[PDB]
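S.K.: Pasting query-v9.pdb here (PDB, C-alpha atoms (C1' of nucleotides)):
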ATOM      1  CA  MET A   1      22.967  24.244  64.223
ATOM      2  CA  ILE A   2      19.366  25.072  63.349
ATOM      3  CA  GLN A   3      16.870  22.341  62.509
ATOM      4  CA  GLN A   4      13.147  22.014  61.913
ATOM      5  CA  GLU A   5      11.022  23.592  64.708
ATOM      6  CA  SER A   6      13.887  25.824  65.872
ATOM      7  CA  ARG A   7      12.864  29.386  66.704
ATOM      8  CA  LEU A   8      14.962  32.294  65.447
ATOM      9  CA  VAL A   9      15.065  36.012  66.060
ATOM     10  CA  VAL A  10      14.401  38.063  62.928
ATOM     11  CA  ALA A  11      17.288  40.527  62.695
ATOM     12  CA  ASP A  12      15.958  43.068  60.167
ATOM     13  CA  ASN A  13      13.532  45.989  60.153
ATOM     14  CA  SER A  14      10.750  44.038  58.472
ATOM     15  CA  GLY A  15       7.704  43.398  60.613
ATOM     16  CA  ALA A  16       8.619  39.913  61.825
ATOM     17  CA  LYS A  17       9.963  39.366  65.342
ATOM     18  CA  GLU A  18      10.265  35.577  65.686
ATOM     19  CA  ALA A  19      10.322  32.831  63.063
ATOM     20  CA  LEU A  20      10.027  29.043  63.129
ATOM     21  CA  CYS A  21      12.218  26.915  60.864
ATOM     22  CA  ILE A  22      10.062  24.716  58.635
ATOM     23  CA  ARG A  23      12.784  23.141  56.490
ATOM     24  CA  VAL A  24      16.535  23.248  55.922
ATOM     25  CA  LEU A  25      17.134  23.410  52.177
ATOM     26  CA  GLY A  26      19.925  21.644  50.361
ATOM     27  CA  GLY A  27      19.323  17.914  50.153
ATOM     28  CA  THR A  28      17.626  14.813  51.442
ATOM     29  CA  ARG A  29      18.017  14.365  55.213
ATOM     30  CA  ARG A  30      20.032  17.583  55.549
ATOM     31  CA  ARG A  31      19.686  18.101  59.285
ATOM     32  CA  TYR A  32      21.399  21.335  60.302
ATOM     33  CA  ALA A  33      21.765  24.845  58.956
ATOM     34  CA  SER A  34      24.481  27.290  59.960
ATOM     35  CA  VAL A  35      25.392  30.877  59.120
ATOM     36  CA  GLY A  36      24.759  31.720  55.483
ATOM     37  CA  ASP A  37      22.353  28.820  54.930
ATOM     38  CA  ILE A  38      18.888  29.356  53.452
ATOM     39  CA  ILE A  39      15.868  28.010  55.332
ATOM     40  CA  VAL A  40      12.106  28.151  55.006
ATOM     41  CA  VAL A  41      10.372  29.811  57.960
ATOM     42  CA  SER A  42       6.904  30.557  59.256
ATOM     43  CA  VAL A  43       6.482  33.978  60.862
ATOM     44  CA  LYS A  44       5.410  33.572  64.483
ATOM     45  CA  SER A  45       5.109  37.132  65.822
ATOM     46  CA  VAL A  46       5.049  40.569  64.204
ATOM     47  CA  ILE A  47       5.083  44.165  65.398
ATOM     48  CA  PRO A  48       1.770  46.068  65.269
ATOM     49  CA  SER A  49       1.250  47.461  61.767
ATOM     50  CA  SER A  50       3.692  45.043  60.140
ATOM     51  CA  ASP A  51       4.088  44.619  56.391
ATOM     52  CA  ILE A  52       4.484  40.843  56.697
ATOM     53  CA  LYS A  53       1.614  38.890  58.229
ATOM     54  CA  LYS A  54       1.675  36.371  61.041
ATOM     55  CA  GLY A  55       1.671  32.871  59.604
ATOM     56  CA  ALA A  56       3.377  33.843  56.344
ATOM     57  CA  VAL A  57       5.707  31.221  54.883
ATOM     58  CA  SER A  58       8.947  32.847  53.767
ATOM     59  CA  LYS A  59      12.588  32.186  53.002
ATOM     60  CA  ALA A  60      15.390  33.378  55.252
ATOM     61  CA  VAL A  61      19.167  33.352  55.548
ATOM     62  CA  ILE A  62      20.776  32.488  58.880
ATOM     63  CA  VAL A  63      23.099  35.245  60.100
ATOM     64  CA  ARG A  64      23.832  34.328  63.754
ATOM     65  CA  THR A  65      24.275  30.938  65.439
ATOM     66  CA  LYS A  66      24.582  30.048  69.114
ATOM     67  CA  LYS A  67      26.592  26.958  68.115
ATOM     68  CA  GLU A  68      30.163  27.856  67.197
ATOM     69  CA  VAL A  69      31.373  28.024  63.591
ATOM     70  CA  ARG A  70      34.903  27.050  62.543
ATOM     71  CA  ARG A  71      36.946  29.095  60.065
ATOM     72  CA  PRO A  72      39.845  27.616  58.040
ATOM     73  CA  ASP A  73      42.372  29.789  59.916
ATOM     74  CA  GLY A  74      41.750  27.895  63.169
ATOM     75  CA  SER A  75      39.396  30.509  64.650
ATOM     76  CA  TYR A  76      35.842  30.055  65.884
ATOM     77  CA  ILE A  77      32.889  32.373  66.382
ATOM     78  CA  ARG A  78      29.686  31.921  68.373
ATOM     79  CA  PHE A  79      26.841  34.278  69.234
ATOM     80  CA  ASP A  80      24.390  34.525  72.095
ATOM     81  CA  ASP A  81      21.328  33.969  69.878
ATOM     82  CA  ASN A  82      20.057  32.409  66.649
ATOM     83  CA  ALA A  83      19.072  35.054  64.124
ATOM     84  CA  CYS A  84      17.893  35.111  60.510
ATOM     85  CA  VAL A  85      17.005  37.672  57.837
ATOM     86  CA  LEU A  86      13.903  37.269  55.682
ATOM     87  CA  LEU A  87      14.105  37.157  51.887
ATOM     88  CA  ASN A  88      11.663  37.668  49.043
ATOM     89  CA  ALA A  89      11.101  35.366  46.068
ATOM     90  CA  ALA A  90      14.012  36.945  44.175
ATOM     91  CA  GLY A  91      16.395  36.164  47.040
ATOM     92  CA  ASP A  92      16.892  39.728  48.288
ATOM     93  CA  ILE A  93      16.480  41.384  51.679
ATOM     94  CA  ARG A  94      12.852  42.093  52.502
ATOM     95  CA  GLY A  95      13.777  44.991  54.789
ATOM     96  CA  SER A  96      16.186  47.904  54.926
ATOM     97  CA  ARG A  97      18.052  47.657  58.254
ATOM     98  CA  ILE A  98      19.958  44.898  60.043
ATOM     99  CA  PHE A  99      20.066  44.765  63.841
ATOM    100  CA  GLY A 100      23.080  43.305  65.612
ATOM    101  CA  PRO A 101      26.246  41.759  64.198
ATOM    102  CA  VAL A 102      26.405  39.168  61.439
ATOM    103  CA  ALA A 103      28.915  36.445  60.673
ATOM    104  CA  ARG A 104      31.802  37.158  58.297
ATOM    105  CA  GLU A 105      30.854  34.027  56.318
ATOM    106  CA  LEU A 106      27.975  35.966  54.736
ATOM    107  CA  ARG A 107      30.427  37.813  52.478
ATOM    108  CA  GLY A 108      30.956  34.712  50.353
ATOM    109  CA  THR A 109      27.338  33.529  50.426
ATOM    110  CA  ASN A 110      26.516  35.901  47.547
ATOM    111  CA  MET A 111      24.731  37.882  50.248
ATOM    112  CA  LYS A 112      26.739  41.097  50.072
ATOM    113  CA  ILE A 113      23.793  43.440  50.687
ATOM    114  CA  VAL A 114      23.792  42.305  54.349
ATOM    115  CA  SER A 115      26.641  44.858  54.409
ATOM    116  CA  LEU A 116      23.904  46.955  56.023
ATOM    117  CA  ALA A 117      25.059  45.250  59.224
ATOM    118  CA  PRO A 118      26.483  47.466  61.993
ATOM    119  CA  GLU A 119      29.494  45.177  62.367
ATOM    120  CA  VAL A 120      30.726  42.084  60.519
ATOM    121  CA  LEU A 121      32.579  39.650  62.766
TER
ATOM    122  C1'   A B   1    -112.379  36.030  36.936
ATOM    123  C1'   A B   2    -109.521  35.001  42.073
ATOM    124  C1'   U B   3    -107.791  37.369  46.308
ATOM    125  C1'   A B   4    -105.392  40.008  51.893
ATOM    126  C1'   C B   5    -104.762  44.464  53.454
ATOM    127  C1'   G B   6    -101.417  43.424  58.224
ATOM    128  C1'   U B   7     -96.376  42.986  58.103
ATOM    129  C1'   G B   8     -87.516  50.004  50.275
ATOM    130  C1'   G B   9     -88.278  55.928  50.913
ATOM    131  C1'   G B  10     -88.994  60.815  54.373
ATOM    132  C1'   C B  11     -88.683  63.793  59.538
ATOM    133  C1'   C B  12     -86.364  64.276  64.672
ATOM    134  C1'   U B  13     -82.571  62.685  67.830
ATOM    135  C1'   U B  14     -77.629  60.235  68.454
ATOM    136  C1'   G B  15     -72.176  58.285  67.279
ATOM    137  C1'   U B  16     -68.196  58.776  63.868
ATOM    138  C1'   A B  17     -60.844  57.934  63.132
ATOM    139  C1'   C B  18     -65.730  58.775  56.568
ATOM    140  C1'   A B  19     -65.543  64.118  53.076
ATOM    141  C1'   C B  20     -63.899  60.320  45.936
ATOM    142  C1'   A B  21     -68.412  60.459  51.556
ATOM    143  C1'   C B  22     -69.438  52.320  53.893
ATOM    144  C1'   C B  23     -68.646  50.002  46.714
ATOM    145  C1'   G B  24     -65.420  54.485  52.966
ATOM    146  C1'   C B  25     -61.267  54.340  55.976
ATOM    147  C1'   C B  26     -58.060  50.988  58.027
ATOM    148  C1'   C B  27     -54.418  47.560  61.232
ATOM    149  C1'   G B  28     -50.911  43.093  61.585
ATOM    150  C1'   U B  29     -48.084  38.689  59.796
ATOM    151  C1'   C B  30     -45.709  36.062  55.496
ATOM    152  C1'   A B  31     -43.332  37.129  50.602
ATOM    153  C1'   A B  32     -40.382  41.421  47.513
ATOM    154  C1'   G B  33     -36.977  45.921  46.980
ATOM    155  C1'   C B  34     -33.553  49.930  49.201
ATOM    156  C1'   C B  35     -31.475  52.326  53.986
ATOM    157  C1'   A B  36     -29.826  52.702  58.922
ATOM    158  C1'   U B  37     -28.735  49.973  63.350
ATOM    159  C1'   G B  38     -28.330  45.852  67.443
ATOM    160  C1'   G B  39     -26.227  40.564  69.536
ATOM    161  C1'   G B  40     -22.027  37.121  68.343
ATOM    162  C1'   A B  41     -17.093  31.836  69.075
ATOM    163  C1'   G B  42     -13.308  34.890  67.789
ATOM    164  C1'   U B  43      -9.770  38.209  65.585
ATOM    165  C1'   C B  44      -6.986  43.005  64.432
ATOM    166  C1'   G B  45      -5.545  47.820  66.147
ATOM    167  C1'   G B  46      -4.852  52.722  68.930
ATOM    168  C1'   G B  47      -3.010  55.481  72.359
ATOM    169  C1'   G B  48      -3.065  56.098  78.194
ATOM    170  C1'   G B  49      -2.381  53.547  83.688
ATOM    171  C1'   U B  50      -0.112  50.324  87.364
ATOM    172  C1'   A B  51       3.951  47.264  88.909
ATOM    173  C1'   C B  52       8.679  45.143  87.634
ATOM    174  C1'   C B  53      13.480  44.947  85.069
ATOM    175  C1'   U B  54      17.001  47.814  82.114
ATOM    176  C1'   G B  55      18.546  52.804  81.233
ATOM    177  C1'   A B  56      21.270  58.395  77.676
ATOM    178  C1'   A B  57      22.691  63.470  78.383
ATOM    179  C1'   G B  58      23.063  66.954  82.125
ATOM    180  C1'   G B  59      23.135  68.398  86.886
ATOM    181  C1'   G B  60      23.305  66.625  92.178
ATOM    182  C1'   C B  61      25.488  62.869  95.908
ATOM    183  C1'   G B  62      29.881  59.804  97.873
ATOM    184  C1'   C B  63      37.613  56.980  88.840
ATOM    185  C1'   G B  64      30.655  55.090  91.563
TER
END
Any chance you could put this one into structure tokens?

M.R.:
Amino acid sequence: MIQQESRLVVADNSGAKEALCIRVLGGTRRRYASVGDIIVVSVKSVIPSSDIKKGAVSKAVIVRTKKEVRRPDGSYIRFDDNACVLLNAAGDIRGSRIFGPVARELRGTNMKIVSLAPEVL
RNA sequence: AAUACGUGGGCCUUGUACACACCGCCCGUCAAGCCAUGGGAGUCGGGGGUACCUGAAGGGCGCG
């Protein structure tokens, strides 16, 4: 459950550390985004000598949600943070590593290259 | 014919920042062209220090 002005951890090896959600894409008055949803972000903090600049508007895919997500088999998963991965214009990973676990729902989001993740839960 | 003869050159000394020689040299501002370098709301880095919190391996100390 991520909305406009929510702050997310950036869970890849690109320069960004924190991001701010500008917009949830997908329709008029679409309020919330969950794992596997695409959002627009503004980069809030970077590491020194970062490829991406502070204040850069970018796209991202949500990979971890504090609010729990329901699976059709009656199971639920929730994480301790809210984390996203930045994307380029083509819709591909901007970086090369993924830090922390990612949700299993990302397999079906045509986002298979996040198989860089240490563990898919 | 008239009319009074007293008010630019040479010699000696002196100063010189001139020696094409005072029709000389020469300062400073404004304007023009290149070069280097100061101040500045801020903003971006680099490694070191202090304190705190976490904390591997391997010894020590009493499965911690």

S.K.: CA of residue 44 in chain A to CA of residue 8 in chain A: how many Å, to one decimal?

M.R.: 9.7 Å

S.K.: Dump as a Markdown table the rows for residues of chain B within 12 Å of chain A: closest atom pair and distance in Å with one decimal, all atoms listed in the file counted, ordered by chain and rising residue number.

M.R.:
| residue | atom | partner | partner_atom | distance |
| --- | --- | --- | --- | --- |
| B:44 | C1' | A:48 | CA | 9.3 |
| B:45 | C1' | A:48 | CA | 7.6 |
| B:46 | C1' | A:48 | CA | 10.1 |

S.K.: What's the separation between CA of residue 29 in chain A and CA of residue 2 in chain A, in Å to one decimal place?

M.R.: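 Between these atoms lies a distance of 13.5 Å.
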
S.K.: Starting from the PyMOL selection byres ((chain A and resi 112-118) around 8), expand the selection into actual residues of this file and give them as JSON, numbers by chain.

M.R.: {"A": [93, 96, 97, 98, 99, 100, 101, 102, 106, 107, 108, 109, 110, 111, 119, 120]}

S.K.: I'd like the contact shell of residue 79 in chain A - 9 Å cut-off, only C-alpha atoms (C1' of nucleotides), skipping same-chain residues fewer than 6 positions apart - returned as an mmCIF file with C-alpha atoms, keeping the file's coordinate frame.

M.R.:
data_model
loop_
_atom_site.group_PDB
_atom_site.id
_atom_site.type_symbol
_atom_site.label_atom_id
_atom_site.label_comp_id
_atom_site.auth_asym_id
_atom_site.auth_seq_id
_atom_site.Cartn_x
_atom_site.Cartn_y
_atom_site.Cartn_z
ATOM 1 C CA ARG A 64 23.832 34.328 63.754
ATOM 2 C CA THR A 65 24.275 30.938 65.439
ATOM 3 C CA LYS A 66 24.582 30.048 69.114
ATOM 4 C CA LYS A 67 26.592 26.958 68.115
ATOM 5 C CA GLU A 68 30.163 27.856 67.197
#

S.K.: Would you pick out the contacts of residue 17 in chain B at 12 Å or less, using all atoms listed in the file, so that residues sharing its chain but fewer than 6 positions from it are not included, and give the list as a list in words?

M.R.: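 Near residue 17 in chain B, the qualifying residues are residues 24, 25 and 26 of chain B.
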
S.K.: Apply the PyMOL selection byres ((chain A and resi 7) around 9) to the file shown and report the selected residues as a PyMOL selection string.

M.R.: chain A and resi 2+4-6+8-9+18-21+44+82-83

S.K.: Env of residue 84 in chain A: 6 Å cut, atoms = all atoms listed in the file, seq-sep filter 6 positions within chain, self excluded. Answer as a ChimeraX atom specification.

M.R.: /A:10-11,61-63

S.K.: Out of A:30, A:74, A:105, A:41, which residue has the shortest atom-to-atom distance to residue 87 in chain A when counting all atoms listed in the file?

M.R.: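 Nearest candidate to residue 87 in chain A out of A:30, A:74, A:105, A:41: A:41.
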